[PDB]
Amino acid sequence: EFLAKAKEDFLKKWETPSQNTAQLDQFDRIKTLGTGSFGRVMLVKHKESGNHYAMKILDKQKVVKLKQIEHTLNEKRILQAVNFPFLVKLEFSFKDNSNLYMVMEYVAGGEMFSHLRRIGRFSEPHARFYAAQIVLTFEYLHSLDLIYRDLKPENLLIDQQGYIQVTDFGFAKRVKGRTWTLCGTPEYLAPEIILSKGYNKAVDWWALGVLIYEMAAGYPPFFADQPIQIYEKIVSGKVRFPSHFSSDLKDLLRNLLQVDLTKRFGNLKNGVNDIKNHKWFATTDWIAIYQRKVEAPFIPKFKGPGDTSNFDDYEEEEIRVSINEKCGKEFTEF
């Protein structure tokens, strides 16, 4: 139902993105929630409303130096245009002489990553609860001709109701047809990305296979010390399963972690419904998940607004803003 109206709303925002909807001095910067190659994400408090937000800060010069301009513009153009129960909400965006800023709702429960490593592994119903939300999220994204391209626990945040909010649209792209960029995170890369094959949205379904495996096992299906060692294992595709995996889960994973593109679940004629109707998801009420009516297996501890106890600590750096505008032309549309 939602999808028809949702594509029309998406397309309107896609064609005319919002721009310049706040400025830096409207926020108190509190502390760093995560660091990345082009900047960092900080907890901030909006001075007027008192609300807390997560502000992603990107260094314009570094983005240009590493030739990531298009990905960065993709990221913001797409995130401001989407709307879904399991996607982080972008509230404001702006830029100054030095930086780009994307201010999202603060998701205080922390990364799925943190909880997964602490607990060790998730039981299959727990993993299935999260997996169902990703399945629905990809159904939404793919219907908008979006590919996501960086599914991993580090990019999945747990909210106050214990549901997932997907963050990090760094590699999100609107593409009808195939695309070729080598991007993602090594453990989650589909074989066709590694082989420089050209690829499509099926790489997101492969990544879901890796995610479900990692959630249920406590370690990813292909791991080593060096990415190249991981890549060798991925293209070979000889996955082995923990003995505690159910038969249904192994069957699903064999169909998602399918090296042959044209046999992989998610990418056949029946699309997402091959996954939704798979026996492992037999107990999943897709509508109740979508409506967020299912009680979550896990609810993070929260000590108030602005509580960061579910995040690692990072060393803080001053936000530097040059008195000269950098890379103005490159980021005109941001």
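Counting begins at 1, following the sequence as shown. C-alpha atoms forming the largest set that superposes within 1.5 Å between two forms make up the rigid core.
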{"query": "Outlying stretch relative to shown form, 139 to 147 versus 164 to 172 in 5 other deposited structures of this protein, C-alpha RMS (core)", "finding": "164 to 172"}
{"query": "Greater root mean square CA deviation, 86 to 94 compared with 194 to 202 in 5 other deposited structures of this protein, core aligned", "finding": "86 to 94"}
{"query": "Other compared entries missing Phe10, a third or more", "finding": "no"}
{"query": "Third-or-more of other entries without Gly50", "finding": "no"}
{"query": "Entry-level comparison of average CA B-factors, 272 to 280 and 50 to 58, reporting the higher stretch", "finding": "50 to 58"}
{"query": "199 to 207 versus 79 to 87 - greater average Cα B-factor per the deposited record", "finding": "79 to 87"}
{"query": "Member of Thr181, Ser236, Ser93, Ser143 with the greatest C-alpha B factor (per the PDB record)", "finding": "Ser236"}
{"query": "Third of the chain's Cα B-factor distribution that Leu253 belongs to, per the entry", "finding": "lowest"}
{"query": "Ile119 - Cα temperature factor, lowest/middle/highest third of chain", "finding": "middle"}
{"query": "Chain thirds of CA B-factor: placement of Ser246", "finding": "lowest"}
{"query": "Chain-relative CA temperature factor third for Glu232", "finding": "highest"}
{"query": "CA B-factor ranking of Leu261, expressed as a third of its chain", "finding": "highest"}
